[PDB]
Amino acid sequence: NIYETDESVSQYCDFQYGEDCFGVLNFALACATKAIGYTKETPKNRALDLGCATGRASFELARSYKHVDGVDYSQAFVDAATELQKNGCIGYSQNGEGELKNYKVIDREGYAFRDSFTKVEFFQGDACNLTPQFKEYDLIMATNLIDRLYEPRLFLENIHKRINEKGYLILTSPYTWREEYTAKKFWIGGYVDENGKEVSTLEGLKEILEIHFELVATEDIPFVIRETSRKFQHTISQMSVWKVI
């Protein structure tokens, strides 16, 4: 009897574990791979995948880190990651034409990360109010999270407390700020300030983070999300890499 995910969870199962579309590398694999590259001078004892959704990037980080915590606001996402981790498979509904669907099974043993999955622990939790035990990380990776937060500065201005000195914070975002998710006054960029000048999100990130971090690198990373049998979202996130001073 395979655990079956709902429609919201199915979308992220498809995104994180489905076959690559339009020749684009799997996003979680691309992000975890780069993070491992950028943190090559760290001991790689502890990583945090914050906003881990159905957990693919946590599994991928665990191939290099001794221990990886994956945390997500959504209990349903965490349940799906945990079921794949413990029982080895989960089922989901891939979007098709109209209301039509294609049922798919994700088999843990079909991925290279099968050699490391016991090094991950998944938790429900909130990036803006993490419990104190989530600390002493060599790496905190938060991919496509900041423009889903109502007040992203609440996460960003405190996160240095959970990272070891010379450890890394790695963010990605396509900077698609929207009032449905984030109050305009809390957008990190993508707005015209009171003086008429355009504020870029990377500039806003520097202003928040350069108190405790140095900006080491930026890189563009595409991803593709399936909406129907024929319609897809093709987006380019910017990765920014920050080293604790």
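Numbers for residues come from their place in the sequence shown, where the first is 1.
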Checklist entry - Which has the higher mean CA temperature factor in the PDB entry, 33 to 41 or 172 to 180? => result 33 to 41
Item to check | Per the entry, higher mean C-alpha B factor between 107 to 115 and 91 to 99 | outcome: 107 to 115
Checklist entry - Of the choices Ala53, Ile188, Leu48, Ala62, which one's C-alpha carries the largest B-factor in the record? => result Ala62
Next on the checklist: For the chain shown, is the CA B-factor of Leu205 in the lowest, middle or highest third of its modelled residues?
Outcome noted: lowest
Checklist entry - By the record's CA B-factor, is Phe155 among the lowest, middle or highest third of residues in the chain? => result lowest
Checklist outcome for this item: Chain-relative C-alpha B factor for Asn144 (record values, thirds): the lowest
Item to check | Position of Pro132 among the chain's modelled residues by C-alpha B-factor, lowest, middle or highest third | outcome: highest
Checklist entry - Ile211's Cα B-factor: lowest, middle or highest third of the chain? => result highest
